[PDB]
Amino acid sequence: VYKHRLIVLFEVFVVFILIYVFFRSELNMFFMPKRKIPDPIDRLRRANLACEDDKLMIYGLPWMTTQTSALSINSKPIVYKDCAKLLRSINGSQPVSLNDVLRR
Amino acid sequence: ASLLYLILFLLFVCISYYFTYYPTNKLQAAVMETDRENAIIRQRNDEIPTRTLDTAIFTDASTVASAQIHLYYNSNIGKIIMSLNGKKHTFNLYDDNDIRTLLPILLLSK
Amino acid sequence: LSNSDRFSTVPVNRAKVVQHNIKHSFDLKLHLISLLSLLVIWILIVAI
Amino acid sequence: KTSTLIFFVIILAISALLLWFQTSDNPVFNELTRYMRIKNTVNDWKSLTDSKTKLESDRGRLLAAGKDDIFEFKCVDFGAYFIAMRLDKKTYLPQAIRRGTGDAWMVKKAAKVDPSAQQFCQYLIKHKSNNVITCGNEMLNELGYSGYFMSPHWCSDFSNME
Amino acid sequence: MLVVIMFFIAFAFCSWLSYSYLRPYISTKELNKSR
Amino acid sequence: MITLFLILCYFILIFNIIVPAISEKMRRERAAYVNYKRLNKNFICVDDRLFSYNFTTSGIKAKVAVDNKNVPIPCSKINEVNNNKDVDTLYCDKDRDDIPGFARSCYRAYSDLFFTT
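Conventions used here
- Residues numbered from 1 in each chain as written, not as in the entry; some residues may be left out.
- Chains lettered and ligands numbered in written order.
- Part of a larger assembly, values for the part shown.
- Heavy atoms only, no water.
- Helix = DSSP H or I, 4+ residues; strand = E, 2+ residues; numbered from the N terminus.
- Areas by Shrake-Rupley, 256 points an atom, 1.4 Å probe, with all protein chains shown as cover.
- Contact = heavy atoms within 4.5 Å.
- Buried area = accessible area lost by both parts, 1.4 Å probe.
- Salt bridge = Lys/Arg side-chain N within 4 Å of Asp/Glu carboxyl O.
- Polar contact = N/O pair within 3.5 Å; in protein donor to acceptor, adjacent residues only side chain to side chain.
- Nonpolar A, V, L, I, M, F, W, Y, C, P; charged D, E, K, R; others polar.
- Axes fitted to C-alpha atoms, helices over the stretch in contact; angles between N-to-C directions.
- Parallel < 35°, antiparallel > 145°, perpendicular 65-115°, else oblique.
- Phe/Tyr/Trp six-rings, centres within 6.5 Å; stacked < 30°, edge-to-face > 60°.
- Buried < 20%, exposed > 50% of the residue type's maximum accessible area, 1.4 Å probe, protein only.
- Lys NZ or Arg CZ within 6 Å of the ring centre and 35° of its normal.
- Pairing = 2+ DSSP bridges.

As recorded in the entry header, the structure was determined using cryo-EM to a resolution of 3.05 Å.

Have a look at this one:
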């Protein structure tokens, strides 16, 4: 007798109706995968520093289609004649991004 | 089929367990969800150091001095606050000028 | 001062008082009741 | 098969009777469900406290920025009493001078301007500052409550006003 | 067939009880109408 | 013989578990809404967003204050937001991905509503 199966499906359908009408948000944020919260620093993890001639320079910025120079505390470009020496003394002989600095 | 009955009964058991032992109302469920996601958020914030950090700060275009600074990350506005010589300065992670000014200090820190 | 001895000179941890009251109190076994009821229903309908 | 249907109808009647028991203003159902509700609530107390103290520790981390004096005892006026508190060095929650083994000290005031009360709070700061009480989990473990969800209290009022 | 009609009777009675018990809650229009 | 068992189990689930659950949820949410209406006036500041709660047939619902460009107003002008009650109100029910971290703010708003009330 298919009537019993039909009526149990009606039972489960009214259960879902009751859940959806009232407990929509609870079941939505409980029984469902959800996207990770984005981090602005996650995008900047690849931001690293180098030297161009005598100017500190920034690389790794995704939205930075054209490379843009760095700025100091006074909103002015940083011009140092020993930029490469500074990088060798601080960051060593290998490039250093924000990831390893943050993980320190 | 037996499989349909089994899955229907298991759906019964799961929904009944949820309604009996889990917060049915939106407020307590939101509290639990915020507890979890704020655990992750606080891990993210505490990942940023808060103690003293030695770094070479460029006071002008061709002048640099080594000094100690403090850092604190705020995710309410997604910005960073830094302390230098008892003075607090804000840098937004979205504004181009703020990130451009902040990057040399963060990347030149030992 | 009539009920001065009713109060406590030392502070009272009323949360622990409530927690002992809950600990040493009748346990309505709804878990056992529900399992037994489901077993009874299954036996009465499916099994018999 | 007839017995199966009879049991079906009997259990349906039992379910309907239970629903009638639940919906109506039955004192027995009310007493039993209040029993269960009180037990569940007192169980949840701990998790609610932990959530609130994590949130308020985050807010205290945000608030303490460029103000070193916040980390030192200050005599704050609550209208009816003076409390000597600061922000905890480690957890960044409010922390006041304790009174014995109880809550924070409360120098009751008999008017709006009470120089003696404030001077006694200063005396507490300069002498009896070795024993302190911190809101959140420490106060929960010592006195059974976290200070939050309690009105009036210094933890919630100090956090809200600041 | 008999079980189906018996279940409809039980469901209708139980739905009547549930609605009568839930009128103050689900019918927000009723509660805001009468203050 | 098993399908009758399933029908009866689902009947019990609907009328002895879900319906009293709905009653309890409405009771608690209406009490929280009453305390909110008596304590807090119109919008409140949560995660630097302006949230206000209203009670409907499906319980309590949180709406965020957005301007003409569906951008949330910062709390810095909350006072005027109280005066302009006809501002654009965007509900938390719909997953509007244009506003970043909408679920963040809505869940935190509900959590603060529970904690205060």
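Next comes the rest of the description.
A. How the structure looks around the overall build of chain E. The number of helices and strands found in chain E is 2 helices and 0 strands. Taking the principal axes of its C-alpha atoms as reference, chain E extends roughly 45 × 10 × 10 Å. Here chain E has roughly 2,500 Å² of accessible surface; of this, 69% comes from carbon and sulfur atoms.

B. Looking closely at the interface of chain B and chain A. Each partner contributes to the interface: chain B provides 45 residues, whereas chain A provides 51 residues. Per-residue buried area on chain B facing chain A is highest for B:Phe58, B:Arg100 and B:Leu107; these three make up 16% of the total on that side. For the interface between chain B and chain A, the tally reads 4 salt bridges. With its nearest N and O atoms 3.8 Å apart, the salt bridge here joins A:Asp39 to B:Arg44. Summed over the shared surface of chain B and chain A, the result is 8 residue pairs in polar contact. Contributing elements (two or more residues each) for the side of chain B that touches chain A: α1 (2-21), α2 (26-47) and α3 (96-107) of chain B. Take the side of chain B that touches chain A: its biggest share by element is 10 residues, from α2(B). Residue composition of the side of chain B that touches chain A, by class: 29 nonpolar, 7 polar and 9 charged.

C. Fine view of the arrangement of the chains. Summarising the chain contacts, 11 pairs of chains touch, and the pair with the most contacts is chains A and B. Looking at chain B next to chain E, you find no contact at all, with the nearest C-alpha pair sitting 14 Å apart. The closest approach of any C-alpha atom in chain C to one in chain E is 13 Å; the two make no contact.

D. Structural context of the packing of helix α2 (residues 30-47) of chain C against helix α1 (residues 2-23) of chain D. Axis separation between α2(C) and α1(D) bottoms out at 8 Å; the angle between their running directions is 150°. The pairing of α2(C) with α1(D) is recorded here as roughly antiparallel in orientation. Where α2(C) abuts α1(D), its residues C:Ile41, C:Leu44 and C:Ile45 lie against D:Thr4, D:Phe7 and D:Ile11.

E. The packing of aromatic side chains, seen in detail. Applying the stated criterion across every chain yields a total of 31 aromatic pairs over all chains. Ring geometry for B:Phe9 and B:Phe12: centres 6.5 Å apart, planes at 20°, overall stacked. Here B:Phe9 pairs with B:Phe12, and both are found in helix α1, just 3 residues apart, close to one helical turn. Among the residues examined, B:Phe12 registers a relative accessible area of 7% and is labelled buried. When the ring of E:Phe11 is compared with that of F:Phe11, the centres are 6.1 Å apart and the planes differ by 65°; the resulting orientation is edge-to-face. Residue E:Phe11 is located in helix α1 (residues 2-26), and its partner F:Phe11 is located in helix α1 (residues 2-39); the two belong to separate chains. Here the two residues E:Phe11 and F:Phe11 agree in accessibility, since each one is buried. Over the face of the ring belonging to D:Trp105 we find D:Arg99, whose NZ or CZ atom lies 5.1 Å from the ring centre.

F. Looking closely at the sheet that holds strand β1 (residues 53-57) of chain B. Residue and element names in this part refer to chain B. Taken together, 4 strands build an open sheet; the order of strands is β1-β2-β3-β4 and the sheet is antiparallel. Edge positions in the sheet fall to β1 and β4 (87-92), since each of these pairs with one other strand and no more. The mean angle between the axes of side-by-side strands here comes to 40°, regardless of whether they run parallel or antiparallel. Relative to strand β2 (residues 65-74), β1 runs antiparallel, the two sharing 5 bridges. The residue bridging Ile57 from the neighbouring strand is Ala65, located in β2.

G. Expanded view of the interface of chain A and chain F. Taken together, the 14 residues of chain A in the interface contact 16 residues of chain F. Summed over both partners, the interface of chain A with chain F buries about 1,500 Å², with 78% contributed by carbon and sulfur atoms. The three residues of chain A that bury the most area against chain F are A:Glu11, A:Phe22 and A:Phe23, which together make up 33% of that side's buried surface. One can count 0 salt bridges joining chain A with chain F. Counting every contact that joins chain A to chain F gives 3 residue pairs in polar contact. Of all the secondary-structure elements, those providing two or more residues to the side of chain A that touches chain F are α1 (2-21) and α2 (24-30) of chain A. Element by element, the count of residues in the side of chain A that touches chain F is highest for α1(A), at 10 residues. Here the residues of the side of chain A that touches chain F are counted per class, giving 10 nonpolar, 1 polar and 3 charged.

H. Structural view of the pairing of strand β3 (residues 59-66) of chain F. Residue and element names in this part refer to chain F. Across the 8 residues that make up β3, a large majority, 8, are buried. In the sheet, strand β2 (residues 49-56) pairs with β3 via 6 bridges, with the strands oriented antiparallel. Paired with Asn54 across the bridge in β3 is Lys61. Where β2 folds back on β3, the antiparallel hairpin that results is connected by 2 residues. Of the strand pairs in this sheet, β3 and strand β4 (residues 88-91) are connected by 4 bridges, and their pairing is antiparallel. Residue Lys63 lies in a different strand from β4, and its bridge partner there is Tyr91.

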